[PDB]
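Enquirer: Starting off with a structure, shown below.
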Amino acid sequence: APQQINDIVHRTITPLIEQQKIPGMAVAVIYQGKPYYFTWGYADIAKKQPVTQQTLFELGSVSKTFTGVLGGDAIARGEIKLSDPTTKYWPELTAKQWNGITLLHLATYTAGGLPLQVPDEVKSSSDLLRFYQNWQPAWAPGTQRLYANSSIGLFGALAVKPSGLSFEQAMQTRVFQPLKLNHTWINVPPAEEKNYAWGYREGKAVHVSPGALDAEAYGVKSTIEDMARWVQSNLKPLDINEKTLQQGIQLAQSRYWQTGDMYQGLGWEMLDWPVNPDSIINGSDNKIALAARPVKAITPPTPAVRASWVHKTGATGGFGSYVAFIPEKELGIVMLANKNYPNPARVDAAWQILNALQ
């Protein structure tokens, strides 16, 4: 592999792993469209299983990018419109605060303060209906962004209703299969369990627990190869043969809202390239990423901008993931780790690598 890539990756990631005490890590760099892979450490410390290119990691909220694209694909199929009221797809949602809340608001965290998490107490479908019916918005729709699993998770569940497919069936048939992501899963099958890394939290081996809207908000597991392929697909959607999927990918990178120097897509978030690295590095810190922020509507949304830093962070209890790419440069990176370590360290390392190669 080109020595420049080897050197920039190893010189950045080796110290990262040491500083953050990350048990296992995989990195893919997409350079001029081609992937290059790097692995370190352990998928399972107790069983001495190394990280390989076939190791599954929990993506956490990087799953939101799959949800956004699947939603985009449903728009392209004509099954849903982002302008459609939430109640069109969930008629039981009769409470008056839902008047004016559209699928766009759900997809982009702008419904008016839907909470970061669905309460753990919500176990049944009746529980979920009660939760949304009883929720009281802090703000009018389309005025403030508050990053939330309960927002985009509901979008994902509603987006697949017209198809009649379960969220998982829709994801597999309409996104995973066409892109040949054959080692990407919402539920890890028994056949693949030998490859499923443990996450590590406070030294304990952990996997994500079941929760409401988990598949839709944070539930995808994948390998570094499949994730490199996901980045390639999002870098160059025009190479994708399935028309509605190609279109869905483009819709997910459209710019719907602006807050500061960031633009909200469907799942993806974007900044203009060249970026100010302090802006994305500091902006990734949950102190900022999870805050309530006023948004400016982009009316109408700007289609995907090639000169963008497009990215998403993800975490579960035991895992930390990051994906970033720059379409204009045919350049991208995926970093998957089995420890949830601070976001700014992820973005700093990714920027150091992509900047050196650009």
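Naming works like this for the structure tokens: A, B, ... for the chains as they're shown, residue 1 at the start of each chain, ligands 1 onward in shown order.
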Quick check for you: according to DSSP on this backbone, which residues of segment 98-299 of chain A are classed as alpha helix (DSSP H)? Reply as number ranges by chain.
Expert: A: 103-108, 125-134, 149-159, 167-171, 214-218, 224-235, 243-252, 277-283, 286-289
Enquirer: Neighbours of residue 185 of chain A within 8 Å (only C-alpha atoms; same-chain residues fewer than 5 positions away dropped), as a count of residues only?
Expert: 3
Enquirer: So, counting only C-alpha atoms, which residue among A:60, A:36, A:87, A:79 is closest to residue 244 of chain A?
Expert: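 Ranking A:60, A:36, A:87, A:79 by distance to residue 244 of chain A, first place goes to A:79.
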Enquirer: Tell me, which residues of segment 4-165 of chain A carry DSSP strand (DSSP E), written as number ranges by chain?
Expert: A: 24-31, 34-44, 49-50, 57-58, 144-145
Enquirer: When you look at residue 131 of chain A with a cut-off of 12 Å (counting only C-alpha atoms), what residues show up, excluding the ones that are within fewer than 6 positions of it in the same chain? I need them as a ChimeraX atom specification.
Expert: /A:93,95,114-115,117-125,150,154,212
Enquirer: Which of these, A:107, A:270, A:315, A:188, has the shortest distance to residue 218 of chain A once you count only C-alpha atoms?
Expert: A:315
Enquirer: Output as a Markdown table one row per residue of segment 94-146 of chain A within 12 Å of segment 158-164 of chain A: the closest atom pair and its distance in Å to one decimal place, counting only C-alpha atoms, sorted by chain and residue number ascending.
Expert:
| residue | atom | partner | partner_atom | distance |
| --- | --- | --- | --- | --- |
| A:102 | CA | A:158 | CA | 11.1 |
| A:103 | CA | A:159 | CA | 8.2 |
| A:104 | CA | A:159 | CA | 10.7 |
| A:106 | CA | A:158 | CA | 9.9 |
| A:107 | CA | A:159 | CA | 9.7 |
Enquirer: If you measure from atom CA of residue 89 of chain A to atom CA of residue 246 of chain A, what distance in Å do you get, rounded to one decimal?
Expert: 24.4 Å
Enquirer: Per residue of segment 168-262 of chain A within 12 Å of segment 341-350 of chain A, record the nearest atom pair and its distance in Å to one decimal, counting only C-alpha atoms, with rows in chain order and ascending residue number, as CSV.
Expert:
residue,atom,partner,partner_atom,distance
A:199,CA,A:341,CA,11.4
A:200,CA,A:341,CA,10.4
A:201,CA,A:341,CA,9.8
A:202,CA,A:341,CA,11.3
Enquirer: Keeping only N, CA, C and O atoms, write the selected residues as a PDB file, in the first residue's frame.
Expert:
ATOM      1  N   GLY A 199     -17.482  -5.048  22.775  1.00  0.00           N
ATOM      2  CA  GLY A 199     -17.186  -3.666  23.160  1.00  0.00           C
ATOM      3  C   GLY A 199     -16.641  -3.669  24.577  1.00  0.00           C
ATOM      4  O   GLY A 199     -16.848  -4.623  25.312  1.00  0.00           O
ATOM      5  N   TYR A 200     -15.923  -2.625  24.958  1.00  0.00           N
ATOM      6  CA  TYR A 200     -15.338  -2.574  26.287  1.00  0.00           C
ATOM      7  C   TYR A 200     -15.675  -1.269  26.966  1.00  0.00           C
ATOM      8  O   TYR A 200     -15.365  -0.197  26.470  1.00  0.00           O
ATOM      9  N   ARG A 201     -16.323  -1.382  28.114  1.00  0.00           N
ATOM     10  CA  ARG A 201     -16.712  -0.210  28.885  1.00  0.00           C
ATOM     11  C   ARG A 201     -16.262  -0.444  30.318  1.00  0.00           C
ATOM     12  O   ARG A 201     -16.643  -1.442  30.942  1.00  0.00           O
ATOM     13  N   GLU A 202     -15.425   0.456  30.823  1.00  0.00           N
ATOM     14  CA  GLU A 202     -14.843   0.295  32.150  1.00  0.00           C
ATOM     15  C   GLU A 202     -14.229  -1.097  32.309  1.00  0.00           C
ATOM     16  O   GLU A 202     -14.320  -1.708  33.364  1.00  0.00           O
TER      17      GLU A 202
END
Enquirer: Give one line per residue of segment 272-323 of chain A that approaches segment 254-257 of chain A to at most 12 Å, naming the two atoms of the closest pair and their distance in Å to one decimal, counting only C-alpha atoms; sort by chain then ascending residue number and deliver it as a tab-separated table.
Expert:
residue	atom	partner	partner_atom	distance
A:272	CA	A:255	CA	10.9
A:293	CA	A:257	CA	11.1
A:294	CA	A:257	CA	9.7
A:295	CA	A:257	CA	6.0
A:296	CA	A:257	CA	5.5
A:297	CA	A:257	CA	4.8
A:298	CA	A:256	CA	5.2
A:299	CA	A:256	CA	7.6
A:300	CA	A:256	CA	7.6
A:301	CA	A:256	CA	4.8
A:302	CA	A:255	CA	5.0
A:303	CA	A:254	CA	4.5
A:304	CA	A:254	CA	4.5
A:305	CA	A:254	CA	7.5
A:306	CA	A:254	CA	10.6
A:308	CA	A:255	CA	10.7
A:310	CA	A:254	CA	10.7
Enquirer: Point out the residue among A:291, A:57, A:237, A:146 with the least atom-to-atom distance to residue 43 of chain A, counting only C-alpha atoms.
Expert: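 Among A:291, A:57, A:237, A:146, it is A:57 that comes nearest to residue 43 of chain A.
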Enquirer: For segment 64-72 of chain A, work out the shell of residues within 7 Å, counting only C-alpha atoms and skipping chain neighbours fewer than 6 positions away, then give it as a list in words.
Expert: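 The residues that qualify are residues 156, 159, 171, 175, 216, 217, 218, 248, 249, 251, 252, 266, 267 and 268 of chain A.
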